[PDB]
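In the numbering used here, the protein residues as written are -3 to 117. All C-beta atoms, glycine included, are put in the ideal place defined by N, C-alpha and C. Step one of this worksheet: look at the structure below.
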Ligand code: NA
């Protein structure tokens, strides 16, 4: 049907928007602490602590398979990256502090993206 194509045009434009959002958020991690999943070869107990690991590479695989139906889903994944980091790593570490910074800087970009999604549909 034609309706199915027009829903596919809107998912495709969302995905165009979220790719921009993602690259904007990844720029706020110039250290690349969050670019890849945490290694289970280097942190073998990681899954005893963190139940739903998340990272920018994993978000990008999903994004490009148009697996984010809306901004909420994409925000959930972003918060996992931050939120898991602040649990695994103690407050006085470069990792925890890097998360705090990404969260705060990320909040501006996400604040305007929720406006563009609402505005444009
Ligand atoms: Na902790």
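Heavy atom of ligand 1 within 7 Å of residue i beta-carbon
i, result
"residue 47", "no"
"residue 83", "yes"
"residue 109", "no"
"residue 86", "yes"
Buried or exposed by the 16-neighbour rule on C-beta atoms within 10 Å, applied to residue i
i, result
"residue 17", "buried"
"residue 41", "exposed"
"residue 55", "buried"
Nearest-angstrom beta carbon gap, residue j and residue i [assumed within contact, 8 Å]
i, j, result
"residue 45", "residue 84", "6 Å"
"residue 59", "residue 14", "6 Å"
"residue 98", "residue 71", "That belief does not hold up - the Cβ atoms of residue 98 and residue 71 are roughly 13 Å apart, past 8 Å."
"residue 24", "residue 101", "4 Å"
> Fully enclosed by the segment 0 to 51, which alpha helix (DSSP H) runs are 4 residues long or longer?
Replying inline: Counting whole runs of 4 or more residues, the segment 0 to 51 contains the alpha helix (DSSP H) stretches 42 to 45.
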